[PDB]
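[1] give me a model of this one.
(chains A and B, ligands or ions: 4)
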2 protein chains.
Amino acid sequence: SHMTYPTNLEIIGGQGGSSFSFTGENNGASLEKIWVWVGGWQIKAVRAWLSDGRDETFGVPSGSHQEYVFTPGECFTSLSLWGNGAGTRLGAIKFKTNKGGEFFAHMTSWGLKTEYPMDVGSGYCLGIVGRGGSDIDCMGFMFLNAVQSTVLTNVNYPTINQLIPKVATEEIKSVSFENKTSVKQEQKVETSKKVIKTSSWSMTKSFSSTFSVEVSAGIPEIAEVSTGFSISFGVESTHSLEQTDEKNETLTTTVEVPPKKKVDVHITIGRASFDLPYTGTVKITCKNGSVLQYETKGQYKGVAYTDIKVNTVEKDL
Amino acid sequence: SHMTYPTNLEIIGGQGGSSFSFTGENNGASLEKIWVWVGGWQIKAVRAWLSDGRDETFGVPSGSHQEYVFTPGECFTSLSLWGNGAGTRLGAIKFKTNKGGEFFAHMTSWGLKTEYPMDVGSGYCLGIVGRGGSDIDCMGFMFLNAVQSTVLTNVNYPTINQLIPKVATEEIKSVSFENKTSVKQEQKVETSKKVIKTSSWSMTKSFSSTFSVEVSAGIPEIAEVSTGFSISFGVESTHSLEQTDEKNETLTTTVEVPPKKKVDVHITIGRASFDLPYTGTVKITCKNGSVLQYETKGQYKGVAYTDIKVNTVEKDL
Ligand SMILES: OC[C@H]1O[C@H](O[C@H]2[C@@H](O)[C@H](O)[C@@H](CO)O[C@@H]2O)[C@@H](O)[C@@H](O)[C@@H]1O
Ligand SMILES: OC[C@H]1O[C@H](O[C@H]2[C@@H](O)[C@H](O)[C@@H](CO)O[C@@H]2O)[C@@H](O)[C@@H](O)[C@@H]1O
Ligand SMILES: [Cl-]
Ligand SMILES: [Cl-]
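    Numbering: from 1, shown residues only, chains lettered A, B, ... in the order given. Ligands and ions are numbered 1, 2, ... in the order given. Structure data below:
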């Protein structure tokens, strides 16, 4: 049998110190900044920040540090690690990024020996894992493996049943008919109106800049019933994380004009702006068949419309 | 027995003066600005500007004018005209728009008699038609009737075969493998890369703000061939006027690593941004079955990508 994993991690160095694990495996967070302190025959310490705000130091800093700051969407293209030649510490880190950056931090006295080039997977670095004490005994960088799909699913809007939506009226057209005869009359009125419907689900920028996130979700919809407006949780379908859809809404109406009456026809549409929290599950499927999933929450913003409405008012003359 | 038309025009007033027709039915231009001069027993004159820059005056101005300036997307919601009550001149114009505006210009001495409320169709005003001399003898506002669909089709890119595409390399990943044994080795490498493809076809903003324009067109594509970068006119399909499609592009590669050899693998993708002219036909189908079409020209802008490329280099160590 053959085992695959959604992350790629190759740890280099010795067996001393105490284990550490500092990664976004739980929530999709990525490595956002790293400080590296070197010594004569080791990497001395590493401080790392993840995109979710976590910040931890391993080993004991001495001297000044080298820094690398990753921008959202910046991924590794390559990584090599060296031990210290004696098999007892990490000795050097070298990487390059898809934004043209390079970084090289190495011990200062002892010469570098065997280079270990790594497969960065997708290039999205989830953090670092190794062992430290006084120094960095060993370390590796964890990557998400190449991705087949990244999907936001199991979406809920937990406040949707409490929400009272503000629905603004857009006038489309009004016209007046006059029936001076003693028999009812029929008038056809055709209406068209462009509507622009939008949906967006917020996501940490690092993740959404690196991966094309598809959304499997119902969205909020708006309708006008007898008792007023009603919000509903629509049927689940596929969306992009930010989605806009234009269409020409149309309607054909037959207006009845009673004898000796004026009828005014008022044709309108209601526009609603949703701004409410959502929860869901991010499901990553790797090319190698493995999966990584985690729960998330953010803000849904949406613009939705009612059906075109026709109201008629009758008057004399 | 029954004729329908893509335009709706009801002329009110008398039979004197000379005929005029000032409308965008040739090119989809709309009424952008109107000045109206009134007199005691008539509308005296009207000056009109269409969205394509045309500007004409009908009748002979006297005194100050009233103005209405339409913004892109602003459509009529209602319109009423009055004669001067004697059947010899236009007497008043009243309209309301979908941005909440209202305008009422009327003769100043004689009182208004019969109101003629009009059906504004889609609300998109193409211009004015009537008869003028000293005064406005008669006039009507021409509207596009309610729309079923509006499509940009028959799209060509007249320069596409002359264009030399500027393709930027984006690095995805590099890794090295070593084979110290005297027997063949294989290494599987999987790659994923987010690509964001875009297409946009420029259009006069008054039209595209009012109508949901679908595009039935092929789009420029880019490929890597033996000599260099081959552009091509892709297969026809449906798009929106500004479109974005993101995807995780992926590839699995089996790398052969010979005995006593080092193989470096360099994985890239090419991104090109097209900027070139297009021609096509705007076809409007009204709800009543009629059609208005006209030829148009604009600028297409597109971002497109090559396939993921794998470059393999053999070293000896
Ligand atoms: O990270 C290196 C090393 O750090 C700690 O050991 C330190 C010290 O306490 C020891 O006396 C000496 C000798 O071995 O070395 C270090 O300075 C420990 O955490 C150790 O496990 C670790 O390898
Ligand atoms: O637009 C009104 C009227 O204008 C012109 O006629 C003017 C003038 O030339 C005539 O002498 C007098 C009297 O008949 O009326 C106007 O002042 C013409 O273009 C006419 O056809 C038009 O109705
Ligand atoms: Cl070593
Ligand atoms: Cl009249």
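[2] does chain B sit close to stretch A:136-147?
    Yes. Stretch A:136-147 comes into contact with chain B (C-beta under 8 Å from any C-beta of the partner chain), by way of A:145-147. For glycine as for every other residue, the C-beta is placed from the backbone atoms N, C-alpha and C.
[3] distance to ligand 3, neighbour count and secondary structure added to those, as TSV?
    Formatted as TSV, the residues of stretch A:136-147 next to chain B follow (distance: C-beta to the ion, whole Å; neighbours: other C-beta atoms under 10 Å in any protein chain shown; DSSP: H, G, I helix; E, B strand; the rest coil):
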residue	distance to ligand 3	neighbour count	secondary structure
A:145	26	24	coil
A:146	29	26	coil
A:147	32	26	strand
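[4] now these in a markdown table, with distance to residue B:88?
    Converted to a markdown table, the residues of stretch A:136-147 next to chain B look like this (distance: C-beta to C-beta, whole Å):
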| residue | distance to residue B:88 |
| --- | --- |
| A:145 | 84 |
| A:146 | 81 |
| A:147 | 76 |
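[5] report the beta-bridge partners for whatever residue of the stretch 1-150 of chain A ends up closest to ligand 3.
    Relative to ligand 3, the nearest point of the stretch 1-150 of chain A is residue A:83 (2.2 Å; C-beta to the ion). For residue A:83, the beta-bridge partners are residue A:90 (DSSP bridges).
[6] which helix or strand contains the residue nearest in space to the middle of chain A?
    Closest residue to the average C-alpha location of chain A: residue A:203 at 3.0 Å, with C-alpha atoms, centre = their mean. Using DSSP states H and E, residue A:203 sits in no helix or strand.
[7] ok, now which ones touch it?
    Shown in contact with residue A:203 (C-beta atoms under 8 Å, 6 or more residues apart in numbering or on different chains): A:152, A:213, A:241, A:296, A:298.
[8] filter those residues down to the buried ones, ChimeraX style.
    Buried subset of these, written as a ChimeraX selection, criterion 16 or more other C-beta atoms under 10 Å in any protein chain shown:
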select /A:152,213,241,296
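[9] CSV for the contacts of residue A:203, including secondary structure and distance to residue B:105?
    Output for the contacts of residue A:203, formatted as CSV (DSSP: H, G, I helix; E, B strand; the rest coil; distance: C-beta to C-beta, whole Å):
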residue, secondary structure, distance to residue B:105
A:152, strand, 55
A:213, strand, 54
A:241, coil, 50
A:296, strand, 58
A:298, strand, 52
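[10] and which of the contacts of residue A:203 is nearest to residue A:15?
    residue A:296 (36.9 Å; C-beta to C-beta).
[11] test of understanding: give the bridge partners of the closest one.
    Taking DSSP bridges as the rule, residue A:296 bridges to residue A:280.
[12] spatially, what comes nearest to the residue lying farthest from the centre of chain A if we skip its sequence neighbours?
    What lies farthest from the middle of chain A is residue A:182; by C-alpha atoms, centre = their mean that is 64.1 Å. With sequence-adjacent residues excluded and distances taken as C-beta to C-beta, 6 or more residues apart in numbering or on different chains, residue A:182 is closest to residue A:259, at 4.7 Å.
[13] tally of neighbours for the one you found?
    Per other C-beta atoms under 10 Å in any protein chain shown, the neighbour tally for residue A:259 reads 11.
[14] what sits against it?
    A:179, A:181-184.
[15] do that again at 10 Å, thanks
    Contacts for residue A:259 (C-beta atoms under 10 Å, 6 or more residues apart in numbering or on different chains) come out as A:179-185.
[16] quick check: phi and psi on it?
    In terms of degrees, to the nearest 10, the main-chain angles of residue A:259 are phi -50, psi 140.
[17] equivalent analysis for residue A:205, please.
    According to degrees, to the nearest 10, residue A:205 has phi -70, psi -40.
[18] which SS state does the closest residue to it other than its chain neighbours fall under?
    Nearest-residue entry for residue A:205: residue A:72, 4.3 Å, with adjacent residues in sequence omitted and distances by C-beta to C-beta, 6+ apart. With DSSP: H, G, I helix; E, B strand; the rest coil as the basis, residue A:72 sits in coil.
[19] next one: residue A:138
    On the three-state scheme (three-state DSSP), residue A:138 is labelled strand.
[20] in contact with the closest residue to it other than its chain neighbours, which residues?
    Leaving out its chain neighbours, the residue that sits closest to residue A:138 by C-beta to C-beta, 6+ apart is residue A:13, at 2.8 Å. Applying C-beta under 10 Å, 6+ apart to residue A:13 gives the contacts A:42-43, A:81-84, A:87-91, A:130-132, A:135-140.
[21] how about a cut-off of 8 Å?
    A:83-84, A:87-91, A:130-131, A:136-139.
[22] what is residue A:237 paired to in the beta sheet?
    Residue A:237 has the following beta-bridge partners by DSSP bridges: residue A:217.
[23] let me see the ranges of the strands in the stretch 101-250 of chain A.
    Along the stretch 101-250 of chain A, the segments classed as strands by DSSP state E, counting those that start in this stretch run A:102-106, A:115-118, A:125-132, A:136-144, A:147-156, A:167-179, A:185-201, A:213-217, A:220-225, A:228-233, A:237-240, A:242-257.
[24] who wins for proximity to ligand 2 among those strands?
    When those are compared by C-beta to the nearest ligand atom, strand A:167-179 sits nearest ligand 2, at 28.7 Å.
[25] name the helices or strands packed onto the closest one?
    strand A:185-201, strand A:242-257, strand A:261-286, strand B:76-83, strand B:115-118 (3 or more C-beta pairs under 8 Å, 6 or more residues apart in numbering or on different chains; DSSP states H and E).
[26] now render those as CSV, adding mean neighbour count.
    As requested, the helices and strands packed on strand A:167-179 are exported to CSV (neighbours: other C-beta atoms under 10 Å in any protein chain shown):
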stretch, mean neighbour count
strand A:185-201, 18
strand A:242-257, 16
strand A:261-286, 18
strand B:76-83, 23
strand B:115-118, 17
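[27] and those strands: which comes nearest ligand 1?
    Going by C-beta to the nearest ligand atom, the one of those nearest ligand 1 is strand A:261-286, 33.3 Å.
[28] may I have stretch A:182-189 as PDB, with CA atoms only?
    Provided in PDB are the C-alpha atoms of stretch A:182-189 (Å, rounded to 0.1, in the frame of the first residue of the first chain):
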ATOM      1  CA  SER A 182     -68.400  51.900 -20.200                       C
ATOM      2  CA  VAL A 183     -66.500  48.700 -21.000                       C
ATOM      3  CA  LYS A 184     -63.200  47.400 -19.500                       C
ATOM      4  CA  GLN A 185     -60.000  47.600 -21.700                       C
ATOM      5  CA  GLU A 186     -56.700  45.700 -21.800                       C
ATOM      6  CA  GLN A 187     -53.100  47.200 -22.100                       C
ATOM      7  CA  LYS A 188     -49.900  45.200 -22.400                       C
ATOM      8  CA  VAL A 189     -46.800  46.600 -20.700                       C
END
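[29] I'm done for today, thanks for sticking with me.
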